[PDB]
Protein chains: 2
Amino acid sequence: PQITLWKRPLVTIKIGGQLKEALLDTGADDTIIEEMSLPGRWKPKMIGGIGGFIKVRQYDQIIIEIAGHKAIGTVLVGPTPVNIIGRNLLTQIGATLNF
Amino acid sequence: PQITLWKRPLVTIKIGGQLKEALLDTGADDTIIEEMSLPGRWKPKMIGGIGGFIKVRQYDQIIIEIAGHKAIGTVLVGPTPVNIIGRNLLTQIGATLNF
Ligand SMILES: CC(C)CN(C[C@@H](O)[C@H](Cc1ccccc1)NC(=O)O[C@H]1CCOC1)S(=O)(=O)c1ccc(N)cc1
Ligand SMILES: [Cl-]
Ligand SMILES: [Cl-]
Ligand SMILES: [Cl-]
Ligand code: NA
């Protein structure tokens with residue numbers, strides 16, 4: 001698609017066999033989702049946002065579909081206002097900003 | 001142009017006579033710039049996200065040259081860790097996310 005920005009760029013994602021809503025966020029280095037069960041081991045990560053830095057859980061090589069596009073990569077889990085698809089997975093699905 | 005997302009999508013902006021570097025951020029509803037003076041009236045606002053909320057000043061009807069493209073709209077000013085061009089001004093320069 002070509003997505004304009006008059007409203008929030010919200011899409012459906014599928015993770016763990018469940019559909020969720022997520023924000024496509026070019027200002028997010030990383031993908032972070034609200035608390036849920038993911039398989040495997042996790043590692044600690046510090047991420048920075050508007051209010052400061054927080055520690056979150058990092059899961060690697062997670063299968064995730066984004067607006068129908070398949071990705072496999074790093075998903076963080078932690079306190080987040082919305083599920084966020086950031087540049088690590090935006091790049092995998094071939095997203096660019098154009099003007 | 002067409003901007004990939006392998007690295008942060010940073011551009012040069014001009015605002016209030018000053019050149020700054022800013023992130024083109026599809027996840028940000030409104031544009032937020034680090035502390036600077038702007039002309040006219042303002043009102044206080046709180047904005048939040050990862051790491052919580054910050055208090056900002058909301059200035060309306062501010063012109064900003066973004067990578068060569070002029071746009072007018074609301075500009076928030078406050079202790080953001082990064083200058084962010086949000087959707088309110090991305091729309092005006094015809095920015096889209098494509099994949
Ligand atoms: C969290 C989203 C929903 C909203 N933010 C936008 C995001 O793009 C935000 C931008 C940013 C980059 C680096 C440092 C600080 C902020 N990135 C962000 O948190 O990246 C984290 C999430 C995973 O990767 C790392 S916001 O800054 O809170 C915000 C809120 C309101 C307005 N008007 C403007 C900005
Ligand atoms: Cl990744
Ligand atoms: Cl505006
Ligand atoms: Cl349009
Ligand atoms: Na004004």
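The figures that follow rest on heavy atoms only: side chains count, while hydrogens, waters and symmetry mates do not. Both ligands and their constituent atoms are indexed starting at 1 by order of listing. Sequence lines set the chain letters: A, B, ... in the order given, protein chains first and strands last, and positions in each chain run from 1.
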Do B:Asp30 and B:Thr74 pair up side chain to side chain, a donor and an acceptor below 3.5 Å, judged on atom types alone?
no

Any chance you could measure B:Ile50, atom CD1, to A:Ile54, atom CD1, to the nearest 0.5 Å?
4.5 Å

Salt bridge (charged side-chain N to carboxylate O under 4.0 Å, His left out) filter on B:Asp29, not counting sequence neighbours, yields A:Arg8, B:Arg87

First locate atom OG1 of A:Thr91, then atom NZ of B:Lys7, and finally report the distance between them rounded to the nearest 0.5 Å.
14.5 Å

A:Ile72: which of A:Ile63, A:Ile62, A:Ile64, A:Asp60 passes side chain to side chain contact (heavy atoms under 4.5 Å, CB included)
A:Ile63

Side chain to side chain contact (heavy atoms under 4.5 Å, CB included) filter on A:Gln2, not counting sequence neighbours, yields B:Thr96, B:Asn98

Which residues and atoms, counting only protein N, O or S, are under 3.0 Å from the Na ion (ligand 5)?
B:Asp60 O

Within-4.5 Å side-chain heavy-atom neighbours: B:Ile33 and B:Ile13
yes

According to the interplanar angle, ranging from 0 to 90°, do the rings of A:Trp42 and A:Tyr59 count as parallel (below 30°), tilted (30 to 60°) or perpendicular (above 60°)?
tilted

Could you go through ligand 1 and note, for every N or O atom, any protein N or O atom closer than 3.5 angstrom, writing the atom names and distance to 0.1 Å, or 'none'?
| from | atom 1 | to | atom 2 | distance (Å) |
| --- | --- | --- | --- | --- |
| ligand 1 | 8 (O) | A:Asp25 | OD1 | 2.7 |
| ligand 1 | 8 (O) | A:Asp25 | OD2 | 3.2 |
| ligand 1 | 8 (O) | B:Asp25 | OD1 | 2.9 |
| ligand 1 | 8 (O) | B:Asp25 | OD2 | 2.5 |
| ligand 1 | 17 (N) | A:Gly27 | O | 3.1 |
| ligand 1 | 24 (O) | A:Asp29 | N | 3.4 |
| ligand 1 | 24 (O) | A:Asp30 | N | 3.1 |
| ligand 1 | 24 (O) | A:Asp30 | O | 3.3 |
| ligand 1 | 33 (N) | B:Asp30 | N | 3.3 |
| ligand 1 | 33 (N) | B:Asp30 | O | 3.2 |

Side chains of B:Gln61 and B:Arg41: closer than 4.5 Å at any heavy-atom pair?
no

